[PDB]
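Q:
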Amino acid sequence: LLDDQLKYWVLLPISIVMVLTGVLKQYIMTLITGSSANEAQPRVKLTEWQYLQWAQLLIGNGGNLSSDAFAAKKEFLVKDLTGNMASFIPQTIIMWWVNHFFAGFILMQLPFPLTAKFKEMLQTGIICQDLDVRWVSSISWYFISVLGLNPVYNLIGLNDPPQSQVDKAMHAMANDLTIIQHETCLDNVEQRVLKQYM
Amino acid sequence: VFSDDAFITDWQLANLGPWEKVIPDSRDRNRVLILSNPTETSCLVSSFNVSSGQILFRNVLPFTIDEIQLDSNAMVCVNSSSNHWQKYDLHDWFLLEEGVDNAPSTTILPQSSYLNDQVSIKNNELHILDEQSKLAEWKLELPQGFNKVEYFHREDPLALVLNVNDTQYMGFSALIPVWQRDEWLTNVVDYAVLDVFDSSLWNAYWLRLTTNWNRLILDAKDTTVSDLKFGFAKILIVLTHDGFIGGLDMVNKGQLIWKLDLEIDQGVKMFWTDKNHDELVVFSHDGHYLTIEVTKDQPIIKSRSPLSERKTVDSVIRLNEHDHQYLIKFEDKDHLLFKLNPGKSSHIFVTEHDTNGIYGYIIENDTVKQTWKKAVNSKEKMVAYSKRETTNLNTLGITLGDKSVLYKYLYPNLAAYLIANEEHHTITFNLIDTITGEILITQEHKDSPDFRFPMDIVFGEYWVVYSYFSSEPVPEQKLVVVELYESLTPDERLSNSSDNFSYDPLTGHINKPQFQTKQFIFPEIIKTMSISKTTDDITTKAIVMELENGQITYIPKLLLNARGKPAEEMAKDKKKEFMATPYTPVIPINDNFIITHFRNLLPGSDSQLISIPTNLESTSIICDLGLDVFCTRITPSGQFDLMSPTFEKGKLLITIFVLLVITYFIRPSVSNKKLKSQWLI
Ligand SMILES: *[C@@H]1O[C@H](CO)[C@@H](O)[C@H](O)[C@H]1NC(C)=O
Ligand SMILES: *[C@@H]1O[C@H](CO)[C@@H](O)[C@H](O)[C@H]1NC(C)=O
Ligand SMILES: *[C@@H]1O[C@H](CO)[C@@H](O)[C@H](O)[C@H]1NC(C)=O
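Same order as they appear, the protein sequences are chains C and A. Heads up: the first sequence runs through residues 2 to 83, 121 to 198, 216 to 253, numbered per the deposited numbering. Heads up: the second sequence runs through residues 25 to 96, 100 to 201, 206 to 230, 247 to 264, 284 to 410, 423 to 759, numbered per the deposited numbering.
1) How would you list, in chain order, the residues of chain A whose beta-carbon sits under 8 Å from the beta-carbon of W10 of chain C?
2) With a threshold of 9 Å between beta-carbons, can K26 of chain C be considered close to chain A, or not?
3) Kindly give me the distance between the Cβ atoms of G435 of chain A and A453 of chain A, rounded to whole angstroms, as I take these residues to be in contact under 8 Å.
4) Measure from the alpha carbon of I616 of chain A to the alpha carbon of each residue in A:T697, A:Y252, A:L484, A:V209, then state which is nearest.
5) Would you say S50 of chain A touches ligand 1, meaning its beta carbon is less than 8 Å from a heavy atom?
6) Let me know the alpha helix (DSSP H) ranges lying completely inside the stretch 284-340 of chain A, each 4 residues or longer, listed in chain order.
7) Would the beta-carbon of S608 of chain A be found less than 8 Å away from any heavy atom of ligand 1?
8) Which residue's Cα is closest to the Cα of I383 of chain A: A:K590, A:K377, A:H401?
9) Quick one: complete beta strand (DSSP E) runs, 3+ long, within the stretch 116-142 of chain A?
10) If distances are taken between C-alpha atoms only, which option among A:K752, A:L758, A:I759 comes closest to residue 199 of chain C?
11) Where do the ends of the alpha helix (DSSP H) carrying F427 of chain A lie?
12) List the whole-angstrom C-beta distance separating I519 of chain A from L509 of chain A, where the pair is believed to meet the contact cut-off of C-beta under 8 Å.
13) Just to confirm the assignment, what range does the beta strand (DSSP E) spanning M253 of chain C have?
14) For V190 of chain C, which of C:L3, C:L7, C:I17 has the nearest alpha-carbon?
15) Nearest to residue 768 of chain A by alpha carbon, out of A:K611, A:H118, A:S381?
16) By DSSP, does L753 of chain A sit in helix, in strand, or in coil?
17) Show which residues of chain C have a CB atom less than 8 Å away from the CB atom of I744 of chain A.
18) Any residue with its C-beta under 5 Å from a non-hydrogen atom of ligand 3 counts. Can you list them all in chain order?
19) Beta-carbon of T153 of chain C versus every beta-carbon of chain A: anything under 9 Å?
20) Name the residues in the stretch 697-718 of chain A whose C-beta lies less than 9 Å from a C-beta of chain C; which are they?
21) Locate the alpha helix (DSSP H) running through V560 of chain A, then write down its first and last residues.
22) If you draw a straight line from the alpha carbon of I131 of chain C to that of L12 of chain C, how long is it in whole angstroms?
23) Under 7 Å, CB to any heavy atom of ligand 2. Which residues pass, going along the chain?
24) Below 7 Å between beta carbons is the criterion; list the residues of the stretch 506-519 of chain A that meet it against any residue of chain C, in chain order.
25) For a quick check, are the C-beta atoms of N100 of chain A and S50 of chain A less than 9 Å apart?
26) Checking the sheet assignment: what are the DSSP bridge partners for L625 of chain A?
27) Pick out whichever of A:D719, A:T445, A:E397, A:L314 has its Cα sitting closest to the Cα of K362 of chain A.
28) Pull up the CB-CB distance for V428 of chain A and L393 of chain A, whole angstroms please, since I reckon it's below 8 Å.
29) Spell out whether any CB of chain A is found under 9 Å from the CB atom of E40 of chain C.
30) What in chain C is Cβ-close to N693 of chain A, meaning under 7 Å?
31) Check whether chain A comes within 9 Å of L7 of chain C, counting only Cβ atoms and requiring the distance to be less than that.
32) Closer than 9 Å, CB to CB, is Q147 of chain C near chain A or not?
33) On the DSSP letters alone, give me the boundaries of the alpha helix (DSSP H) that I132 of chain C sits inside.
34) Select from the stretch 642-657 of chain A all residues with a C-beta closer than 9 Å to any C-beta belonging to chain C, and list them in chain order.
35) Is there a C-beta anywhere in chain A that falls below 9 Å from the one on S36 of chain C?
36) Near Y252 of chain C, which residues of its chain fall below 7 Å by C-beta distance, leaving aside the five closest residues on each side in sequence?
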């Protein structure tokens, strides 16, 4: 075959619109998500929330290096305590767009041999029945675009309950963290350091 | 699709041939009736405004010219074998009246008598004389040629017509050449194609740099280069039924590129002497042959000579390009091997048809021998024939929905033909091995055929279509398609392993096909069929039809599907095909398909359709050569190769610009807003 100089008006617009549409998508998604605060509510509830977070981090952070100081905390603890839209919106709409404006062409030649049923779906524009395995219509180039475009976005540069009973649940975890795990540090540090830095 | 390029792309010429009778009109006095190109069953009658080339209408009527006479005006015509007579109105060709009881009257048409009344040519220059007071008004030079004055009208809408040269014809009025006509092109027998075309390492680096940097130091959509790149610009060399060759441009509405006159007195065939497409050999009816040099300049007759025996020739069959042989069939049924020139076991088989039979012939040792014969019996008569056109191969098998394959039947040595027998009323179809003579298939139809309407046969890639008229289903035109498959079983390659088997056709150990056939109901009577092509047999092969009225129509191959189903049993019947269009026997006519949208295109009694390949595979040329010449650019599937003539590129560009402006709106905004508001610096 001999396709004639439509490489300007389709292939470039297809890559170009994918580039702009995704860059816009990241800008739009970033715009849509705004917290701008936690809330504007009274003082107390965030205050005891961060107390709860202090307990939570004590589970991870402070529950390792406190062989002497483990028990001293626990008295205190008990007393003190007690996008899919981003997928759907752009790309489905532009499937309609491309089939609307770009149809009924053989746009290019993929380099690789597909199987016949790939050649079933891709050429809905053309109405030949034994054309070839390799040639493809316009919409196939889109089908290759969406899954291959992550390097482009990198290279241009872009990047990514009950109020009281749950307190009792973490008080039960305060009870659990007493002797569920007493971690072996401030005992093996001499062994570990002599094992290393030689 | 059509409205944009309706008359721009379609390219019609109308020919009348050398005049025989011309009669002035009862009304619209700047108008006559033009009678031309007699033939033993009919002749060409037309109506024409004299002051232009504007033909008003044309008709082929089934009478020898002599019957056509004025009344006692009303242009009476009388059959002589019977007593059948037709009275036709001059102005609008209405058949005023008919009879068989008696002719109304006749008046044999008067002779010119132009001399002694209006004509004098004395100083090698013409002078129109008044009958009295012979003042020699309206004098005019004789051109280089002059044969006759066809017609002259002295009344207020003055007109004069000259047969200046054998083929050039000039209209005049009060002298001034007013219009020009050429009727050398009235009947072409055989055709040929000529195309036109444009016009260590370290040093390579720099010379490439210099030449391309000189290159390096907006769209403008120009049409002329597009034409030549895709092969549209071409020279058609047409051979007339008379002796004339000439080059006609495939672009620019067929301006005559060049015209050469022979002395062969009727033409039969055309051949390029070699693949170079530089030198033709052209055959006389009388038994001469000419060798002609085709150049961008006007041609030159580089040779004339006899054949070995000065005998009348019926036809010529092209033998090998490389071996430079040709076969000549003379009437009296005499065959001559033809070793023409240098052009400055290994058997060959050649096969020819008559109404008496199909014969087959073999060449060996610089001689021709009959290889077999097959004549129909007395009452019978062979009617329609076609061979297998060679084909470049794309797909060895037709597939099914569940990636299953039926292996369409590819045997190259095939021809197909018809037999019609009276009183049996049996159109018999045979699909014969053209080498051996085995039949492989019989299909009769006792459906009350007519034998009076045209029937024709075309041989496809793996399929055959022939068409006939008959009554017993209904009195309607009938297309019959047969499709040839290696095995009717859903997945079987019957005896086609090819690694090294190297099958022999001459012996007859070849596979034999199974077939499936259907037919269809068609509105209009079909004269003749052929097949569209491109260089590669890729698109749907787009059967082209030529009708009785002169109209052309293409219908795709796919609507004619044998193994189609009546569409109750197709519904998610997974095994059938990919998007099997149903069988649907009733094919209504769709005017969108038709070429020659409002053109008349009188093709004459004997005309041919040919398919000329081009590049740009969506497009193909199909040409109707014969009494009238006509061609087109035709798309089987609608244009998929061409980008478009009719994009809304401005809408696309503007939408892209909408993207860019919305970028310009949001990027400073959103970057500042969100980074600084979420950081609350
Ligand atoms: C008859 O032909 C002449 C020549 O072109 C043209 O000028 C004239 O209009 C025609 N007659 C009619 C009724 O159009
Ligand atoms: C007159 O009619 C007969 C009847 O068929 C036909 O054979 C003959 O050809 C007709 N005359 C001419 C001149 O064609
Ligand atoms: C008749 O012959 C002349 C001389 O060769 C040439 O111009 C042309 O073929 C014809 N001329 C005219 C005026 O028809």
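Every residue, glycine too, gets a C-beta built ideally from N, C-alpha and C.
A: By the coordinates alone:
1) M721, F725, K727, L730
2) no
3) 3 Å
4) A:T697
5) no
6) 290-295
7) no
8) A:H401
9) 124-126
10) In this structure residue 199 of chain C is absent; chain C steps straight from 198 to 216.
11) From DSSP, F427 of chain A is part of no alpha helix (DSSP H) but of the beta strand (DSSP E) over 426-428.
12) 4 Å
13) Where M253 of chain C is concerned, there is no enclosing beta strand (DSSP E), given that its DSSP letter is neither H nor E.
14) C:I17
15) Shown here, chain A extends from 25 to 759; a query on residue 768 of chain A therefore has no answer.
16) helix
17) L25, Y28, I29, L32
18) A:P170, A:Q171, A:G172, A:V191, A:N192, A:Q195
19) Taking Cβ atoms only, chain A reaches closer than 9 Å to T153 of chain C, which makes this a yes.
20) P714, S715, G716, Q717, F718
21) First-last for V560 of chain A: 554-563, but that is the beta strand (DSSP E), not the alpha helix (DSSP H).
22) 19 Å
23) That query returns the following residues: A:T65, A:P86, A:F87, A:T88, A:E91, A:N106, A:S107, A:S108, A:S109, A:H111.
24) none
25) yes
26) According to DSSP, residue pairing for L625 of chain A in a beta bridge involves A:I604.
27) A:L314
28) 6 Å
29) Judged by the 9 Å Cβ criterion, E40 of chain C is not in contact with chain A.
30) Ordered by position in chain C, the residues that pass the 7 Å Cβ test against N693 of chain A are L3.
31) yes
32) no
33) 131-139
34) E655, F656, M657
35) yes
36) none
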